[PDB]
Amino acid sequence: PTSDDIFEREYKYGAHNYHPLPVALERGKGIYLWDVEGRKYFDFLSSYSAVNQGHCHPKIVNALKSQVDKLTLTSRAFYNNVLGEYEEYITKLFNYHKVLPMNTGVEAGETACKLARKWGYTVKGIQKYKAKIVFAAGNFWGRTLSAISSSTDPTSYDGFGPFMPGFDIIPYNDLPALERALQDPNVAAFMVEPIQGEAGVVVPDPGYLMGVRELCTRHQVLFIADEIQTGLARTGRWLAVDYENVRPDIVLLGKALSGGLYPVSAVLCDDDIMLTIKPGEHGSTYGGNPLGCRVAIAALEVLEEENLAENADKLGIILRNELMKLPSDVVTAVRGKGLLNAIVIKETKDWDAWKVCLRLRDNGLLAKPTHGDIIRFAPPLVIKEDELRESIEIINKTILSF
């Protein structure tokens, strides 16, 4: 049951919606992954921050194992005993009054859009159905029809039927564009990533988040912060927005929310927003099921108890400094916060990000290329400094091998 057999089998029986890096994992623990040949790799993607806590963290594993013997899903037609414990926990952790639980990140984004529209019509007073939601170019929040209706990436939306109206797009990291867009009284919300992940770890300028908060407040517009990738210690704070002491109106969480053990996502906001959705008006079969809730409690507890945000801050400083010591001839840019980082290489035709990642794979490190000139470096947050310096030397060997 080799790696090539796995590639071929998936090519035969599975959709071709991905072209993954040709490596076939079968075990994961902490910062490490093992393929079916027994080869060991540093994971420098962390499943897009879903395993911030490392792969198969034993406390989250134990929470899942303990709960799976009791009860896993009643549906929301009845109550289960776990959901409320988790809701109190996560709301008090992030100091929002309420949470709406969902499963995937895009379901959290859709929930946020529905909340913004319902609030805009029933509270702000926009006429049905004139509500607009503003997004930043380069945004990524999933693959539903709506989500790709706000994309600026043609691969996401081209050929996928007519698009959700009411979505306007402005440049990222651009306060004057936001002010100009918010002159429109029918804007109900602005949704933005504090750091754009899929776009290539694009870090906006100091003050951007503060200005977004001020503009949204001034024009009674909801500030939706998509922290599904940037949150939960990955950038060195509980929320990337904490770097500028900014309180969004809606915060979206996911991925690391379960440590990779279960699709859990969360929409956090206060009553004046959350309660515009009445009973029967929104939900999900698996949303708030007790199994996901137990593992999400454990995953948040791991993040707090092992102080992973402080570790991500320190080791990210180290990582970026070392990466900046790479030649300007070859690495065009280094950027990121905490342990969410990326490099931009000087792509030729002899040489692109895909080849760099193939060779990183050869040398024991797994990283994702994002367009042909960007490579993300994002190891799990439980990585130690010596493991990080070994990985950095793998990166150096690989980059200078060309």
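When you see a residue number, it is the position in the sequence shown, counting from 1. In this text, rigid core is short for the largest set of C-alphas that superpose within 1.5 Å between two forms.
| So which moves more in 8 other deposited structures of this protein by CA, 342 to 350 or 355 to 363, given a superposition on the core? | Output: 342 to 350, the stretch lying farther off on average in 8 other deposited structures of this protein.
| request: Identify the stretch, either 124 to 132 or 207 to 215, whose C-alpha atoms have the larger mean B-factor according to the entry. | output: Taking the mean C-alpha B-factor of 124 to 132 and of 207 to 215, the larger value falls to 124 to 132.
| query | Got a sec? Mean C-alpha B-factor, which is higher, 89 to 97 or 165 to 173? | reply | Mean B over CA atoms: larger for 89 to 97.
| field | Which of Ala378, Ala15, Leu388, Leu21 ranks first by CA B-factor in the deposited coordinates | value | That would be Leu388, according to the entry.
| said: Quiz for you: based on the deposited Cα B-factor, which of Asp272, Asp158, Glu304, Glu198 is highest? | reply: Answer, based on the entry's C-alpha B-factors: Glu304.
| field | Relative C-alpha B-factor of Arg180, binned into the chain's lowest, middle or highest third | value | Answer is middle: the recorded C-alpha B-factor places it there.
| request: Just say lowest, middle or highest third for the CA B-factor of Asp153 relative to the other modelled residues in its chain. | output: Ranked within chain, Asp153 CA B lands in the middle tercile.
| task | Report the third (lowest, middle or highest) to which the CA temperature factor of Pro327 belongs, ranking only the modelled residues of the same chain. | result | Highest third.
| query | Based on the entry's values, in what third of the chain does the Cα temperature factor of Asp242 lie: lowest, middle or highest? | reply | Middle third - that is where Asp242 ends up once the chain's C-alpha B-factors are sorted.
| Relative to the other modelled residues in the chain, which third contains the C-alpha temperature factor of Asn289: lowest, middle or highest? | Within its chain, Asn289 is a middle-third residue by C-alpha B-factor, going by the deposited values.
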